[PDB]
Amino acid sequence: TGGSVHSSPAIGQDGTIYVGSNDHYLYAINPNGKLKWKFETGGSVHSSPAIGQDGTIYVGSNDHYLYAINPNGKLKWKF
């Protein structure tokens, strides 16, 4: 990545690794180490993502929002 990784990673049911970074991105990485996708938030992602029963990834960001992201990398909703 291009920023310090303060978020603690979470592992999806299929092995996908989700982690936030200081470059405003929540990352999704395959077990082989290559990028599944990346989601742009407004600020540093110090929150550690949590994975729902249906696969939704929830993580907070420094831009005041709690994000919900579908497993394909596009936004479900933000609070």
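Residue positions are given as counts along the sequence shown, with the first one as 1.
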item: Chain thirds of CA B-factor: placement of residue 35; value: highest
item: Third of the chain's Cα B-factor distribution that residue 6 belongs to, per the entry; value: lowest
item: Chain-wide C-alpha B factor ranking for residue 44, given as lowest, middle or highest third; value: middle
item: Assigned third (lowest, middle, highest) for the C-alpha B factor of residue 16; value: middle
